[PDB]
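Asks: Just to be clear, this is only the beginning of the complex, oriented as in the whole thing:
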Amino acid sequence: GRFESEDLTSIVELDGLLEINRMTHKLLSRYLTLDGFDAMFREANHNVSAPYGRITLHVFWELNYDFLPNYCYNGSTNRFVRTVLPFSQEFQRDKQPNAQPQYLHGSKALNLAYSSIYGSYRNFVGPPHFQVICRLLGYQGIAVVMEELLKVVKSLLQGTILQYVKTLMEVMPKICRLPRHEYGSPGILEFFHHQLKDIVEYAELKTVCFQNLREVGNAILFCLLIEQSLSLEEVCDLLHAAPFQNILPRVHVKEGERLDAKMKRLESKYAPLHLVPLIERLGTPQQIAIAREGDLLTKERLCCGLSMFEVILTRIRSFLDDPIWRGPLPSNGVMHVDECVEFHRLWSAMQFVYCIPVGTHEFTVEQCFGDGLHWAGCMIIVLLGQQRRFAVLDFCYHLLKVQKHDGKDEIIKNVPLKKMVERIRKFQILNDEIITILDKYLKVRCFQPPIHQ
Amino acid sequence: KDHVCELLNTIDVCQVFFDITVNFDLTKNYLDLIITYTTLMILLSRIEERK
Amino acid sequence: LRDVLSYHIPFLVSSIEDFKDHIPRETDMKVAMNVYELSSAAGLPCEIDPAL
Amino acid sequence: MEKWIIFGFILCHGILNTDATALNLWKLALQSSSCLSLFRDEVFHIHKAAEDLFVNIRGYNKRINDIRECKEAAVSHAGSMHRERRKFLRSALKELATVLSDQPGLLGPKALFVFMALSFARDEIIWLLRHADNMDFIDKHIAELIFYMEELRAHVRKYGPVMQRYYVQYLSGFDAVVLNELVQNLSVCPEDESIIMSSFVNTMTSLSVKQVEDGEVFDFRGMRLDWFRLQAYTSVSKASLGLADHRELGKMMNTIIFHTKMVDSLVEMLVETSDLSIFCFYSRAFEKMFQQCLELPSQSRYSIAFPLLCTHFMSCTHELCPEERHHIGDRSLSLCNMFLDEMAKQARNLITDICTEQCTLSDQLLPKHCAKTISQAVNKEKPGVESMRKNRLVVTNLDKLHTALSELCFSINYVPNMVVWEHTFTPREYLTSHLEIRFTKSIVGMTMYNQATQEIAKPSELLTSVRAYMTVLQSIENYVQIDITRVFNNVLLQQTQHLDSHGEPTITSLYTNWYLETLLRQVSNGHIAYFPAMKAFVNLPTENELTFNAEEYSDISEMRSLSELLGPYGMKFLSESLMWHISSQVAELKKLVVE
């Protein structure tokens, strides 16, 4: 209950308290015959009569209502952090329960000490939190949480995001050429700023569209990171079953020794540790059946030859069935070039919007939204198959290229040129990385020659 | 070298018409042979102990 | 070790404990030594230490 | 063309004085360069040799001034001109390759563009290569040019059937019709010319796409050689069907021959336009370029190009010199191996720096850092602040390392494998091997074991660092197709034995030796005692001060961390090491009893 009235970052304090309780149970069991700690824990978690427990339910509640809409990812450190000027304050979490000190860590001093110890985990989310989450949710909770996140992304993409996409597609220019190098960098910046004026001045853009995109990106990032943590716990679980399953390591054969005979000697050294044959020889039919089933469960883990992220990406691709995303067939029969009827051009416009320097009294996009915004945008682009067209056709990349060529620097409508190209380069690096990862995880129309009259 | 000189004399007497844009292969191969012959002679000139 | 193992590989550990607890007390030393050796490898405490 | 113009107009020097076109062509070629390529490594210095040749002749004195002016112009402007050309070509080929990958069907209509691009890029590269060694001759972005040349070549190789279909249809539909129309419009022709042209038409009209779908191998060497024969027949003076009067036929047949090449002669075209086997004879500069590419993080995206050039080396041999073939083959193998090895090496170095940074980050969460807070709370910086991005123009060390690692891992993952002289190289196996070796070395190096002062790292801190390393490594599956679970299994199951597969001390042995020869030894001395209350060993408050705390190694948490690291194998080894000492003591006790 104390977990249920706190944010997601308190999962570490939760498992610490659970470990204290387990140690208490172990100590008291030396003299008293209590219920197994698993039985007590399941009874307290409402996980006996029901599939999922309170901890996983609150984990999903926290995700939905506080984690996706309030945290900012950092790619290099691999950590989330709360946003500045938070978008959601409607959580209304349960009121904290209180009790005597011996139901918490054990005393006033111990309570203070442990609170100080775990206060260090409060202002970020990172690998340790994911370890605890996986370890407490198991396959059941992980699967249910991923399914619910898929439902959330489906609702968001086919809901508010779709409406804003339609509106902005209406507002975008009908035709937009990429000017030639001879036009200049200042001229090209002025041209882009004039053409995208309606998108630049759209008030609700940065406060609604970017918020929902950040939510989607945070969801997919959570799926990726939680899968990585699950694999990392599975490998450790397997490293401990090896002795009882006969998985010897490779031994060092010195001069004049046979690897096969050496390994046979090692195997016969450890043969007493091998569990299944020992029970088969000395055990009972029911014991043998249970041992076989348990060994089969133990040795087969997702870390060895299975993956989950690609299935999530395919399911998400199945949600973009509206015709607005892909647009109508190209006139020339190959691909749109100067038209703006595809999502990747809308994203290029949004990139132009958030690559402009801002005033000191305002907040930058990475201060408010982090890296989830770009993960969402690049995911949408990649799933539709528009990544290469996006790379070739893009206002910001074109401006960066031309400015690099001619090396100019001025101010256009209160937008310094050199600073803008530097920001564009940084975001280009980030976008290339994201696109490359997404392509990695996902692993012909011929034409007729002319006919003589 | 001797075979090349013979073929060049033959082409000289036959009074051939060369245009890189019309008979591409003929002109290309002619100039290629002349250049290979010249480069062979120079590369030979550069071996100090041929004698 | 017992605390770690009972936490990483619960199914093997449960089978091992069930096997150790309910070995017939009329068995001789030869079989009981193998049983105890497995159990000790698992971290459980045994009346007769097989390593010693 | 440069060599043709220069040497040809030297040989026919008599015309430079009478024709203005000849002189202008010669002057242009002269100022376009400063040294020609006599052979793969051989070079010819133009302007000195030309002046030496022309000084003796008495009718040529304006020519010497022309040569000197061209020399000055070359030295001044050629390097900058070619630098600008390379700059242009980099973006041009990036664009072309990206578009072609997006729409692979355009390889049919736009093949000429592919081959023009390859020719231009190859010309620029070889010009720079031969001018750098002799006499703006450092290009830091050449790797990008080479990489996109290689990518265009890969496109041509994968999507060959597309071009085959397009140009089979082109020939058999359009070219047959137009050529028959032109041929039937001829007035008089001898027997052999007529037979050759009829053969052209008949072979063209018998093609069909069905042949391409089935998978037939075409052969137009006869047709190409016949067009060359007919050129010879009609180009000689005193010929009935003079070709100087039928230029349109020559142009049409040149186009037709290009189409025939695009059908059945694709790999020959690739070798003809985009062969860079000349790097086999510029090995020093080739490796210098590789190193300079690896230095820069942005350019390290294109490191895979260099090992992919080693597949070009076998094209520089000949049938009339089979001695050097083996020598060339041996050099290519060695160079490819060295390149892939160096790439894997910087991969592991970057990963190691990142793991150091992450260990520093993850040790700031240890409980030992909360003493001040508890003391203040009783008697009377913060984590997560390093990850707050105010702006993206401020770059931290961790993000530089991250960018470099991802950028290089892009190239390490570009192609599954390459074949060099029939040997298959897999660039990611190099990475797997290096990662395993470095991981083992770092595991045993983080224990900080010191025998001279019987110091060692606490089990829990070592476990924390190991987990940080494992997370950083798990993050490498985002960029490369390796299987990191294999690395973890091997490395961490080798460390539960007394010695590793390489016969070296693993952490089981180190920790067993320390626990017996320091902790329990000092306990028997009398400086430590076992408190069953705390479930640990605790230093007694004696006059001596042991240089360690016994409770920070035997605590419940520390023993659990040690069990996590060691596993049943390591714990069995520790138990055996202890029972050895018990047996010794019991032997002494038996002696005392018997006496």
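Replies: Here it is on my side, so go on. Residues are numbered from 1 along each chain as shown, chains lettered A, B, ... in the order given.

Asks: Residue in chain D with the shortest distance to chain A?
Replies: As assessed by CB to the nearest CB, chain A sits closest to residue D:384 within chain D, at 3.4 Å. To be clear about C-beta, it is placed using only N, CA and C from the backbone, and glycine gets the same treatment.

Asks: Now do that residue: how many residues are near it, please.
Replies: Neighbour count of residue D:384, defined by other CB atoms under 10 Å in any protein chain shown: 20.

Asks: wait, isn't it in contact with residue A:123?
Replies: Yes - Residue D:384 lies in contact with residue A:123 (CB atoms under 8 Å); the separation is 4.1 Å.

Asks: Next to chain C, which bits of the stretch 101-250 of chain A? Give me the list.
Replies: Counting by CB under 8 Å from any CB of the partner chain, the residues of the stretch 101-250 of chain A lying close to chain C are A:236, A:237, A:240, A:241, A:243, A:244.

Asks: would JSON lines of those residues with secondary structure be doable?
Replies: JSON lines is the format used below for those (DSSP: H, G, I helix; E, B strand; the rest coil):
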{"residue": "A:236", "secondary structure": "helix"}
{"residue": "A:237", "secondary structure": "helix"}
{"residue": "A:240", "secondary structure": "helix"}
{"residue": "A:241", "secondary structure": "helix"}
{"residue": "A:243", "secondary structure": "helix"}
{"residue": "A:244", "secondary structure": "helix"}
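
Asks: Reformat those residues as TSV; add distance to chain D and neighbour count.
Replies: Shown next, in TSV, are those (distance: CB to the nearest CB, whole Å; neighbours: other CB atoms under 10 Å in any protein chain shown):
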residue	distance to chain D	neighbour count
A:236	8	17
A:237	11	16
A:240	6	23
A:241	9	22
A:243	4	25
A:244	8	25
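
Asks: how close does residue A:52 sit to chain B?
Replies: Distance from residue A:52 to chain B, counting by CB to the nearest CB, to the nearest Å: 77 Å.

Asks: what comes into contact with the helix or strand encompassing residue A:435?
Replies: Residue A:435 belongs to helix A:417-441 when assigned by DSSP states H and E. Residues outside helix A:417-441 that contact it (CB atoms under 8 Å, 6 or more residues apart in numbering or on different chains): A:75, A:185-186, A:189, A:309-310, A:313, A:351, A:355-357, A:371, A:374-375, A:378-379, A:381-382, A:387, A:391, A:396-397, A:399-400, A:403-404, A:408-411, D:392-393, D:403, D:406, D:410, D:413, D:478-479, D:481.

Asks: Equivalent analysis for stretch A:151-170, please.
Replies: Applying CB under 8 Å, 6+ apart, the external contacts of stretch A:151-170 come out as A:64, A:68, A:199, A:202, A:204-205, A:208-209, A:212-213, A:215-216, A:219-220, A:316, A:319-320, A:322, A:324-325, A:341, A:343, A:346, A:349.

Asks: okay, chain E goes in next:
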Amino acid sequence: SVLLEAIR
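Replies: Below, chain E sits with the chains from the block before:
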């Protein structure tokens, strides 16, 4: 989602 209704 509907599980949100259930938890509510």
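
Asks: again for the contacts of stretch A:151-170, since chain E is there now?
Replies: Outside of stretch A:151-170, the residues that reach it under the criterion CB under 8 Å, 6+ apart are A:64, A:68, A:199, A:202, A:204-205, A:208-209, A:212-213, A:215-216, A:219-220, A:316, A:319-320, A:322, A:324-325, A:341, A:343, A:346, A:349, E:1.

Asks: Report the distance from that stretch to the chain centre.
Replies: Between the centre of stretch A:151-170 and the centre of its host chain there is 20 Å, according to CA atoms, centre = their mean, to the nearest Å.

Asks: then that stretch to PDB, C-alphas only?
Replies: Taking C-alpha atoms only, stretch A:151-170 is exported to PDB below (Å, rounded to 0.1, in the frame of the first residue of the first chain):
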ATOM      1  CA  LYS A 151      -3.500  -0.500 -26.900                       C
ATOM      2  CA  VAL A 152      -2.400   2.900 -25.700                       C
ATOM      3  CA  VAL A 153      -0.400   3.600 -28.800                       C
ATOM      4  CA  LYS A 154      -3.200   2.400 -31.000                       C
ATOM      5  CA  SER A 155      -5.600   4.800 -29.300                       C
ATOM      6  CA  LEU A 156      -3.200   7.700 -29.600                       C
ATOM      7  CA  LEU A 157      -2.200   7.200 -33.200                       C
ATOM      8  CA  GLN A 158      -5.700   6.600 -34.600                       C
ATOM      9  CA  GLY A 159      -7.100   9.300 -32.300                       C
ATOM     10  CA  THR A 160      -5.600  12.800 -31.500                       C
ATOM     11  CA  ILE A 161      -2.400  12.400 -33.500                       C
ATOM     12  CA  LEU A 162      -4.500  11.500 -36.600                       C
ATOM     13  CA  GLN A 163      -6.600  14.600 -36.300                       C
ATOM     14  CA  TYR A 164      -3.600  16.900 -35.900                       C
ATOM     15  CA  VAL A 165      -1.900  15.200 -38.800                       C
ATOM     16  CA  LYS A 166      -5.000  15.800 -41.000                       C
ATOM     17  CA  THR A 167      -5.300  19.400 -39.900                       C
ATOM     18  CA  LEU A 168      -1.600  20.200 -40.500                       C
ATOM     19  CA  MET A 169      -1.700  18.400 -43.800                       C
ATOM     20  CA  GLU A 170      -4.500  20.800 -44.700                       C
END
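
Asks: Just list the residues touching residue 37, thanks.
Replies: Using chain A here. With contacts defined as CB under 8 Å, 6+ apart, residue A:37 is in contact with A:21, A:22, A:25, A:26.

Asks: right idea, wrong chain: chain B
Replies: By CB under 8 Å, 6+ apart, the residues touching residue B:37 are B:1, B:4.

Asks: Name the nearest residue to residue 1, sequence neighbours excluded.
Replies: I went with chain A, as the question did not name one. The shortest distance from residue A:1 to any non-neighbouring residue, by CB to CB, 6 or more residues apart in numbering or on different chains, is to residue A:97 (5.1 Å).

Asks: Chain C was what I was after
Replies: Using CB to CB, 6+ apart and skipping the chain neighbours, the partner closest in space to residue C:1 is residue C:43 (3.8 Å).

Asks: ok, now chain F:
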Amino acid sequence: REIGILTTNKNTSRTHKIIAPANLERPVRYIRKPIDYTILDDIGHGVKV
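Replies: Just below you will find chain F, in place on the chains above:
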């Protein structure tokens, strides 16, 4: 079983850093021959002598 819906087999394999051919490039000797002008007469419409 519930989590298995979201899974899909991943393609990862073991290989060696270098794999050599079954049979190497056996070298061949240089046997001098003269320039024979009659080796292209079976290609196309040849003109023997």
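
Asks: same question on the contacts of stretch A:151-170, but with chain F included?
Replies: With CB under 8 Å, 6+ apart, stretch A:151-170 has contacts from A:64, A:68, A:199, A:202, A:204-205, A:208-209, A:212-213, A:215-216, A:219-220, A:316, A:319-320, A:322, A:324-325, A:341, A:343, A:346, A:349, E:1.

Asks: buried set for that stretch?
Replies: A:152, A:153, A:156, A:157, A:161, A:162, A:164, A:165, A:168, A:169 (16 or more other CB atoms under 10 Å in any protein chain shown).

Asks: hang on, the earlier thing: can you list which of the contacts of stretch A:151-170 are found in helices?
Replies: Applying DSSP state H to the contacts of stretch A:151-170, the entries found in helices are A:199, A:212-213, A:215-216, A:219-220, A:316, A:324-325, A:343, A:346, A:349.

Asks: For the residue positioned nearest the centre of chain B, give me its contacts.
Replies: By CA atoms, centre = their mean, chain B has its centre lying nearest to residue B:34, at 2.2 Å. If you count contacts by CB under 8 Å, 6+ apart, residue B:34 has them with B:8, D:7, D:8, D:11.

Asks: Quick one: name the residues of chain D near chain F.
Replies: Within chain D, the residues that sit near chain F (CB under 8 Å from any CB) are D:192, D:195-196, D:199, D:221-223, D:225-226, D:229, D:320-323, D:325-326, D:329, D:337, D:340, D:417, D:421-426, D:429-430, D:433, D:481-483, D:486.

Asks: So for the chain, which residue is the most central one in space?
Replies: You didn't say which chain, so I picked chain A. With distances taken as CA atoms, centre = their mean, residue A:221 lies nearest the centre of chain A, 1.2 Å away.

Asks: correct me, but it touches residue A:72?
Replies: No - when contacts are counted by CB under 8 Å, residue A:221 is not listed as touching residue A:72 (10.9 Å).

Asks: Report the contact partners of residue A:109.
Replies: By CB under 8 Å, 6+ apart, the contact list for residue A:109 reads residue D:378.

Asks: Residue D:209: neighbour count?
Replies: Residue D:209 has 14 neighbours, counted by other CB under 10 Å.

Asks: quick one: it and chain F, what's the gap?
Replies: From residue D:209 over to chain F the distance is 25 Å, taken as CB to the nearest CB.

Asks: Who are the contact partners of that residue?
Replies: By CB under 8 Å, 6+ apart, the contact set of residue D:209 is D:165, D:168, D:169.

Asks: ok, so of these, who is nearest chain E?
Replies: Among the contacts of residue D:209, residue D:165 lies closest to chain E (CB to the nearest CB), at 50.4 Å.

Asks: tell me which element residue D:512 falls in.
Replies: Here residue D:512 is assigned to helix D:507-514, by DSSP H and E.

Asks: what's that helix in contact with?
Replies: Surrounding helix D:507-514, the residues in contact under the criterion CB under 8 Å, 6+ apart are D:443-444, D:447, D:449, D:454, D:456, D:459, D:462, D:495-499, D:562, D:565-566, D:569-570, D:573-574, D:577.
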